[PDB]
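A single chain comes next, written as C-alpha cells; it is the form deposited in one PDB entry.
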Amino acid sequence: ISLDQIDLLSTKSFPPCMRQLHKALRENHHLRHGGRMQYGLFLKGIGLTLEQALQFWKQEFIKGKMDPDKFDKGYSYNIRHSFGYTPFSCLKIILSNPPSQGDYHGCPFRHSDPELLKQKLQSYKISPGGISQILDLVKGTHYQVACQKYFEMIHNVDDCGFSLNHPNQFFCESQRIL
C-alpha cells in the first residue's frame, strides 16, 4: 500500500516470482512485456491504486533515461487499461508465456534450471536443508509446494496452512503473519 515499502515487502511477502521481477525492475529500470504484465497485475492485486502504479512504473522507467513523454506515449496506456485484467495465477504463470533471454517473469521453480534456482535460494539465505527439499519437489514438478516450503522457511513456521495456487494468495497469507 505504501510505495516506499515495496523494496522491503519484496523480501518478506512477495513469492519468488514477484521478488525476482521487482529485483530485475530495480536493476534494469525496465521490464519486457511478459514481466510488466505479471508484476503489474500482481501489484494491482496487492492493492496499489492506478495513481501509485503510474508513479511507480514511470519513476523506475525514467531512471533508465527514458523520455518521460515517451513513457506515456508507449507504456502508460496498458497500465491504465490494466486497472479497469485479472492477476495471474500460478498455473497461468507456470503454463503460459515461457520466459526467454532477457525475460524475468514466469515461475522460478518451473523456469529457472536447477542450479540457478539453487543459487537464487542461496542468495535468499534459505537453509541448505530447505534448498535440498525444494530441489526434490521441483524435480517432481511440485512447483507450488516448493513455493510453500519457501514460504514456511522465510516465515519460520511448520505449515503454511494453505494450498498455494496464486501469487497474491502467498502475499496475503504472508501479510497475515508478519
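Numbering starts at 1 and follows the sequence shown. Only residues modelled in both forms are compared. Basically, rigid core = biggest C-alpha set you can superpose within 1.5 Å across the two forms.
Missing here is the form deposited in another entry; even so, the following discussion is about that form.
S.K.: With the two forms fitted on the rigid core, I'd like to know which residue in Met153, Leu54, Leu135, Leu41 is displaced by 2 angstroms or more at its CA between this form and the one not shown.
M.R.: The one that shifts is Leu54.
S.K.: Core-aligned, does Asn97 move its Cα 2 Å or more between this form and the one not shown?
M.R.: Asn97: C-alpha displaced by less than 2 Å between this form and the one not shown.
S.K.: What happens to the Cα distance from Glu27 to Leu50 in the other entry: does it get closer or farther than here, with a change of 3 angstroms or more?
M.R.: Here the pair is farther apart than in the other entry; there, closer.
S.K.: Taking the cut-off of 3 Å or more as given, in which direction does the distance between the C-alpha atoms of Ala53 and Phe151 change in the other entry, closer or farther?
M.R.: Note: Cα gap between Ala53 and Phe151 widens in the other entry.
S.K.: At 2 Å or more of Cα shift, core superposed, where are the runs of at least three residues that differ between this form and the one not shown?
M.R.: Moving stretches, in sequence order: 1-5, 49-59, 71-83.
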